[PDB]
Amino acid sequence: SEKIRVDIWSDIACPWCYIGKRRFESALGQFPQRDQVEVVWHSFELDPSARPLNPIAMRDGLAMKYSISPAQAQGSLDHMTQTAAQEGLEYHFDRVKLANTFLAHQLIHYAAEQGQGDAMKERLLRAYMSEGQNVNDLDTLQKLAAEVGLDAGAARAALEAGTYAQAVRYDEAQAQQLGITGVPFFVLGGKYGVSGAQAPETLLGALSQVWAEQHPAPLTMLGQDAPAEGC
């Protein structure tokens, strides 16, 4: 259709996803046919059974998850912080609120129907990673929606009603069916997979490949046209 679809699975709570988003955006900016690219965000939860708000420090949450020392958990946080800084991202992990992200993914689904999925995903990533906001908190979500330019009242109502809950679950089931067990995860043209926060060069190469495959060089035609059948 001369369009390239890029489906990206991601969690708001995953620091590699925000890094991955920037790296993809860098690829996209270098891609000549970038206007033909359609980006769709899909919901993914690192921990769908996470309590509404877990009060512990992100470092301790990480140390528990990966069974490591606090010093090593910190080293890991520091690595992600340094890496993010290279993408123009200023993380503040010391302020992170370890919230269940189900309602936040629902908001992105709401936003997407208004054509603002990416701006909503972006806002929520910054709120979580940099601004110490609780993305499980309805007032907070309502505020973030407003800042994205959405109908704040209607967004809140959609959230309170659970309108997009089942769509989020379907996104997550679709990831499982695809063998997607980690994020960020990129799907291009519904055909190619790219796992993790890959370099811009890798993602640019993927876009180019798919574009090239969907635009073979014209054939040189030989002879007359003989009996054939079309649609």
# chains A, B, ... in the order shown; residues from 1 in each chain; ligands from 1

$ residues_around --residues "stretch 172-187 of chain A" --least-positions-apart "5" --cutoff "10 Å" --atoms "only C-alpha atoms" --output "number ranges by chain"
A: 5-11, 14-21, 24, 39-46, 48, 166-167, 192-198, 203, 206

$ write_last_selection --atoms "C-alpha atoms" --output "PDB file, in the first residue's frame"
ATOM      1  CA  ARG A   5       3.579  -0.239   9.423  1.00  0.00           C
ATOM      2  CA  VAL A   6       5.760  -0.308  12.513  1.00  0.00           C
ATOM      3  CA  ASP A   7       4.150  -1.979  15.519  1.00  0.00           C
ATOM      4  CA  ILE A   8       6.020  -1.369  18.727  1.00  0.00           C
ATOM      5  CA  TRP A   9       5.352  -3.221  21.998  1.00  0.00           C
ATOM      6  CA  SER A  10       6.431  -1.313  25.083  1.00  0.00           C
ATOM      7  CA  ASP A  11       5.872  -0.720  28.795  1.00  0.00           C
ATOM      8  CA  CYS A  14      10.682   0.013  31.130  1.00  0.00           C
ATOM      9  CA  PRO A  15      13.649   2.404  30.879  1.00  0.00           C
ATOM     10  CA  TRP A  16      14.900   0.618  27.744  1.00  0.00           C
ATOM     11  CA  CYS A  17      11.624   1.471  26.019  1.00  0.00           C
ATOM     12  CA  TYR A  18      12.145   5.229  26.309  1.00  0.00           C
ATOM     13  CA  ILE A  19      15.725   4.790  25.044  1.00  0.00           C
ATOM     14  CA  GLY A  20      14.369   2.569  22.257  1.00  0.00           C
ATOM     15  CA  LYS A  21      11.765   5.172  21.279  1.00  0.00           C
ATOM     16  CA  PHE A  24      13.801   4.557  16.605  1.00  0.00           C
ATOM     17  CA  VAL A  39       3.782   3.854  13.949  1.00  0.00           C
ATOM     18  CA  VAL A  40       1.386   2.035  16.290  1.00  0.00           C
ATOM     19  CA  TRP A  41       2.104   1.528  19.976  1.00  0.00           C
ATOM     20  CA  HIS A  42       0.961  -1.694  21.636  1.00  0.00           C
ATOM     21  CA  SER A  43       0.561  -2.352  25.348  1.00  0.00           C
ATOM     22  CA  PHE A  44       2.975  -4.544  27.288  1.00  0.00           C
ATOM     23  CA  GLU A  45       3.358  -4.926  31.070  1.00  0.00           C
ATOM     24  CA  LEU A  46       6.614  -6.124  32.647  1.00  0.00           C
ATOM     25  CA  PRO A  48       0.722  -7.164  35.031  1.00  0.00           C
ATOM     26  CA  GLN A 166      -9.785  -5.359  27.265  1.00  0.00           C
ATOM     27  CA  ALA A 167      -7.914  -3.815  24.296  1.00  0.00           C
ATOM     28  CA  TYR A 192      10.114  -8.513  10.527  1.00  0.00           C
ATOM     29  CA  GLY A 193      10.966  -8.459  14.204  1.00  0.00           C
ATOM     30  CA  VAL A 194      13.554  -6.346  15.974  1.00  0.00           C
ATOM     31  CA  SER A 195      14.102  -7.112  19.665  1.00  0.00           C
ATOM     32  CA  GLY A 196      15.301  -4.588  22.211  1.00  0.00           C
ATOM     33  CA  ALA A 197      16.472  -0.991  22.018  1.00  0.00           C
ATOM     34  CA  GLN A 198      18.544  -1.401  18.854  1.00  0.00           C
ATOM     35  CA  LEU A 203      16.277   0.200  12.653  1.00  0.00           C
ATOM     36  CA  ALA A 206      15.154  -2.473   8.626  1.00  0.00           C
TER      37      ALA A 206
END

$ residues_around --residues "stretch 124-138 of chain A" --least-positions-apart "6" --cutoff "10 Å" --atoms "only C-alpha atoms" --output "VMD selection string"
chain A and resid 11 to 15 17 to 18 21 51 to 53 81 89 to 105 107 to 108 118 144 to 145 148 155 to 157 159 to 160

$ residues_around --residues "residue A:163" --least-positions-apart "5" --cutoff "9 Å" --atoms "only C-alpha atoms" --output "PyMOL selection string"
chain A and resi 106+110+157-158

$ residues_around --residues "residue A:204" --least-positions-apart "6" --cutoff "7 Å" --atoms "only C-alpha atoms" --output "MDAnalysis selection string"
chainID A and resid 27:28 31

$ residues_around --residues "residue A:216" --least-positions-apart "6" --cutoff "12 Å" --atoms "only C-alpha atoms" --output "ChimeraX atom specification"
/A:2,209-210

$ select_by_dssp --residues "stretch 196-225 of chain A" --states "alpha helix (DSSP H)" --output "MDAnalysis selection string"
chainID A and resid 200:213

$ write_last_selection --atoms "N, CA, C and O atoms" --output "CSV table (one decimal), in the first residue's frame"
chain,number,residue,atom,x,y,z
A,200,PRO,N,20.1,3.1,16.1
A,200,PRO,CA,19.3,3.7,14.9
A,200,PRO,C,19.7,3.1,13.6
A,200,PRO,O,18.8,2.9,12.7
A,201,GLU,N,21.0,2.7,13.4
A,201,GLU,CA,21.5,2.2,12.2
A,201,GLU,C,20.7,0.9,11.9
A,201,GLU,O,20.4,0.6,10.7
A,202,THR,N,20.5,0.1,12.9
A,202,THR,CA,19.8,-1.2,12.7
A,202,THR,C,18.3,-1.0,12.3
A,202,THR,O,17.9,-1.7,11.3
A,203,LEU,N,17.7,-0.1,13.0
A,203,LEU,CA,16.3,0.2,12.7
A,203,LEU,C,16.1,0.9,11.3
A,203,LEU,O,15.2,0.7,10.6
A,204,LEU,N,17.1,1.8,11.0
A,204,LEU,CA,17.1,2.4,9.7
A,204,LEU,C,17.3,1.4,8.6
A,204,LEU,O,16.6,1.4,7.5
A,205,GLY,N,18.2,0.4,8.8
A,205,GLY,CA,18.4,-0.7,7.9
A,205,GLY,C,17.2,-1.5,7.6
A,205,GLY,O,16.9,-1.9,6.5
A,206,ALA,N,16.4,-1.7,8.7
A,206,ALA,CA,15.2,-2.5,8.6
A,206,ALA,C,14.1,-1.7,7.8
A,206,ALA,O,13.5,-2.3,6.9
A,207,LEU,N,13.9,-0.4,8.1
A,207,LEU,CA,13.0,0.4,7.3
A,207,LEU,C,13.3,0.3,5.8
A,207,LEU,O,12.5,0.1,5.0
A,208,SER,N,14.6,0.6,5.5
A,208,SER,CA,15.1,0.6,4.2
A,208,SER,C,14.8,-0.8,3.5
A,208,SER,O,14.4,-0.8,2.3
A,209,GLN,N,15.1,-1.8,4.2
A,209,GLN,CA,14.9,-3.2,3.6
A,209,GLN,C,13.5,-3.4,3.2
A,209,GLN,O,13.2,-3.8,2.1
A,210,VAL,N,12.6,-3.1,4.2
A,210,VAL,CA,11.1,-3.3,3.9
A,210,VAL,C,10.6,-2.4,2.8
A,210,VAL,O,9.9,-2.8,1.9
A,211,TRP,N,11.1,-1.1,2.8
A,211,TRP,CA,10.7,-0.2,1.7
A,211,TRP,C,11.2,-0.8,0.3
A,211,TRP,O,10.5,-0.9,-0.7
A,212,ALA,N,12.5,-1.3,0.3
A,212,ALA,CA,13.1,-1.8,-0.9
A,212,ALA,C,12.3,-3.1,-1.4
A,212,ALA,O,12.2,-3.2,-2.6
A,213,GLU,N,11.9,-3.9,-0.4
A,213,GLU,CA,11.2,-5.1,-0.8
A,213,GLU,C,9.8,-4.8,-1.4
A,213,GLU,O,9.3,-5.5,-2.2

$ atom_distance --atom1 "atom CA of residue A:150" --atom2 "atom CA of residue A:111"
7.2 Å

$ residues_around --residues "residue A:77" --least-positions-apart "4" --cutoff "9 Å" --atoms "only C-alpha atoms" --output "ChimeraX atom specification"
/A:58-59,62,72-73,81-82,93

$ write_last_selection --atoms "N, CA, C and O atoms" --output "mmCIF file, in the first residue's frame"
data_model
loop_
_atom_site.group_PDB
_atom_site.id
_atom_site.type_symbol
_atom_site.label_atom_id
_atom_site.label_comp_id
_atom_site.auth_asym_id
_atom_site.auth_seq_id
_atom_site.Cartn_x
_atom_site.Cartn_y
_atom_site.Cartn_z
ATOM 1 N N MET A 58 13.082 2.265 43.417
ATOM 2 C CA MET A 58 13.327 1.530 42.187
ATOM 3 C C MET A 58 14.539 0.606 42.280
ATOM 4 O O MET A 58 14.496 -0.522 41.784
ATOM 5 N N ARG A 59 15.612 1.079 42.904
ATOM 6 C CA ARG A 59 16.807 0.243 43.058
ATOM 7 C C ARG A 59 16.487 -1.076 43.751
ATOM 8 O O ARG A 59 16.973 -2.144 43.348
ATOM 9 N N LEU A 62 14.389 -3.356 41.534
ATOM 10 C CA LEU A 62 15.253 -4.017 40.561
ATOM 11 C C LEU A 62 16.089 -5.135 41.201
ATOM 12 O O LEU A 62 16.232 -6.223 40.630
ATOM 13 N N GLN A 72 24.864 -3.393 42.894
ATOM 14 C CA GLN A 72 24.811 -3.770 41.488
ATOM 15 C C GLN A 72 23.541 -3.258 40.836
ATOM 16 O O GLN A 72 23.569 -2.868 39.672
ATOM 17 N N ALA A 73 22.432 -3.256 41.577
ATOM 18 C CA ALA A 73 21.191 -2.677 41.073
ATOM 19 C C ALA A 73 21.411 -1.212 40.743
ATOM 20 O O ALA A 73 20.983 -0.730 39.691
ATOM 21 N N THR A 81 20.721 5.292 33.158
ATOM 22 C CA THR A 81 20.689 6.751 33.240
ATOM 23 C C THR A 81 21.696 7.379 32.258
ATOM 24 O O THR A 81 21.359 8.284 31.492
ATOM 25 N N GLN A 82 22.919 6.865 32.262
ATOM 26 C CA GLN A 82 23.975 7.360 31.373
ATOM 27 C C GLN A 82 23.632 7.162 29.904
ATOM 28 O O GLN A 82 23.837 8.054 29.076
ATOM 29 N N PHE A 93 15.674 8.138 38.548
ATOM 30 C CA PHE A 93 15.242 6.859 39.103
ATOM 31 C C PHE A 93 14.974 6.936 40.606
ATOM 32 O O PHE A 93 14.133 6.210 41.134
#

$ atom_distance --atom1 "atom CA of residue A:37" --atom2 "atom CA of residue A:3"
5.8 Å

$ decode --residues "stretch 64-87 of chain A" --atoms "N, CA, C and O atoms" --output "JSON list (two decimals), in the first residue's frame"
[["chain", "number", "residue", "atom", "x", "y", "z"],
["A", 64, "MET", "N", 15.45, -6.94, 43.72],
["A", 64, "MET", "CA", 14.56, -8.06, 44.00],
["A", 64, "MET", "C", 14.26, -8.85, 42.73],
["A", 64, "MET", "O", 14.31, -10.08, 42.72],
["A", 65, "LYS", "N", 13.96, -8.12, 41.66],
["A", 65, "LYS", "CA", 13.60, -8.74, 40.39],
["A", 65, "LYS", "C", 14.73, -9.61, 39.87],
["A", 65, "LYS", "O", 14.51, -10.76, 39.49],
["A", 66, "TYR", "N", 15.96, -9.09, 39.90],
["A", 66, "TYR", "CA", 17.10, -9.79, 39.31],
["A", 66, "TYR", "C", 18.03, -10.47, 40.33],
["A", 66, "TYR", "O", 19.11, -10.93, 39.96],
["A", 67, "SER", "N", 17.60, -10.53, 41.59],
["A", 67, "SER", "CA", 18.38, -11.17, 42.64],
["A", 67, "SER", "C", 19.84, -10.74, 42.66],
["A", 67, "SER", "O", 20.74, -11.57, 42.54],
["A", 68, "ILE", "N", 20.07, -9.44, 42.82],
["A", 68, "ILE", "CA", 21.41, -8.88, 42.89],
["A", 68, "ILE", "C", 21.55, -7.96, 44.09],
["A", 68, "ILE", "O", 20.57, -7.66, 44.77],
["A", 69, "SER", "N", 22.78, -7.53, 44.37],
["A", 69, "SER", "CA", 23.03, -6.60, 45.46],
["A", 69, "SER", "C", 22.45, -5.22, 45.15],
["A", 69, "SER", "O", 22.23, -4.88, 43.99],
["A", 70, "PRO", "N", 22.18, -4.41, 46.19],
["A", 70, "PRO", "CA", 21.77, -3.03, 45.94],
["A", 70, "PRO", "C", 22.83, -2.25, 45.16],
["A", 70, "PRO", "O", 22.48, -1.41, 44.33],
["A", 71, "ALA", "N", 24.11, -2.53, 45.42],
["A", 71, "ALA", "CA", 25.20, -1.85, 44.74],
["A", 71, "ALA", "C", 25.19, -2.15, 43.24],
["A", 71, "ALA", "O", 25.48, -1.27, 42.42],
["A", 72, "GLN", "N", 24.86, -3.39, 42.89],
["A", 72, "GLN", "CA", 24.81, -3.77, 41.49],
["A", 72, "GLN", "C", 23.54, -3.26, 40.84],
["A", 72, "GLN", "O", 23.57, -2.87, 39.67],
["A", 73, "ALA", "N", 22.43, -3.26, 41.58],
["A", 73, "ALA", "CA", 21.19, -2.68, 41.07],
["A", 73, "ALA", "C", 21.41, -1.21, 40.74],
["A", 73, "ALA", "O", 20.98, -0.73, 39.69],
["A", 74, "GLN", "N", 22.09, -0.51, 41.64],
["A", 74, "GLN", "CA", 22.44, 0.89, 41.43],
["A", 74, "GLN", "C", 23.31, 1.06, 40.17],
["A", 74, "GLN", "O", 23.11, 1.99, 39.39],
["A", 75, "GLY", "N", 24.29, 0.17, 40.01],
["A", 75, "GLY", "CA", 25.16, 0.20, 38.85],
["A", 75, "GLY", "C", 24.32, 0.10, 37.58],
["A", 75, "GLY", "O", 24.56, 0.80, 36.60],
["A", 76, "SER", "N", 23.33, -0.78, 37.61],
["A", 76, "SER", "CA", 22.43, -0.95, 36.48],
["A", 76, "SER", "C", 21.60, 0.31, 36.23],
["A", 76, "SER", "O", 21.48, 0.78, 35.08],
["A", 77, "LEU", "N", 21.02, 0.87, 37.29],
["A", 77, "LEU", "CA", 20.30, 2.13, 37.18],
["A", 77, "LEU", "C", 21.21, 3.19, 36.58],
["A", 77, "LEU", "O", 20.80, 3.93, 35.69],
["A", 78, "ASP", "N", 22.44, 3.27, 37.09],
["A", 78, "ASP", "CA", 23.39, 4.27, 36.61],
["A", 78, "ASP", "C", 23.70, 4.11, 35.12],
["A", 78, "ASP", "O", 23.84, 5.11, 34.40],
["A", 79, "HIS", "N", 23.82, 2.86, 34.67],
["A", 79, "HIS", "CA", 24.04, 2.55, 33.25],
["A", 79, "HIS", "C", 22.89, 3.05, 32.38],
["A", 79, "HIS", "O", 23.10, 3.67, 31.34],
["A", 80, "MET", "N", 21.67, 2.75, 32.81],
["A", 80, "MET", "CA", 20.50, 3.15, 32.05],
["A", 80, "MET", "C", 20.40, 4.67, 32.03],
["A", 80, "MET", "O", 20.05, 5.27, 31.00],
["A", 81, "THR", "N", 20.72, 5.29, 33.16],
["A", 81, "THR", "CA", 20.69, 6.75, 33.24],
["A", 81, "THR", "C", 21.70, 7.38, 32.26],
["A", 81, "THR", "O", 21.36, 8.28, 31.49],
["A", 82, "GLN", "N", 22.92, 6.87, 32.26],
["A", 82, "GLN", "CA", 23.98, 7.36, 31.37],
["A", 82, "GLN", "C", 23.63, 7.16, 29.90],
["A", 82, "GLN", "O", 23.84, 8.05, 29.08],
["A", 83, "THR", "N", 23.10, 5.99, 29.59],
["A", 83, "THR", "CA", 22.71, 5.64, 28.22],
["A", 83, "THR", "C", 21.57, 6.55, 27.75],
["A", 83, "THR", "O", 21.57, 7.05, 26.62],
["A", 84, "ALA", "N", 20.60, 6.77, 28.63],
["A", 84, "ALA", "CA", 19.46, 7.63, 28.32],
["A", 84, "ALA", "C", 19.92, 9.07, 28.06],
["A", 84, "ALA", "O", 19.40, 9.74, 27.16],
["A", 85, "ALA", "N", 20.89, 9.53, 28.84],
["A", 85, "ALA", "CA", 21.41, 10.89, 28.70],
["A", 85, "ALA", "C", 21.91, 11.13, 27.28],
["A", 85, "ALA", "O", 21.77, 12.24, 26.74],
["A", 86, "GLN", "N", 22.51, 10.11, 26.67],
["A", 86, "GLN", "CA", 22.98, 10.20, 25.28],
["A", 86, "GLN", "C", 21.83, 10.38, 24.27],
["A", 86, "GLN", "O", 22.05, 10.86, 23.16],
["A", 87, "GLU", "N", 20.61, 10.00, 24.67],
["A", 87, "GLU", "CA", 19.42, 10.22, 23.83],
["A", 87, "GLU", "C", 18.70, 11.52, 24.18],
["A", 87, "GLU", "O", 17.59, 11.76, 23.71]]
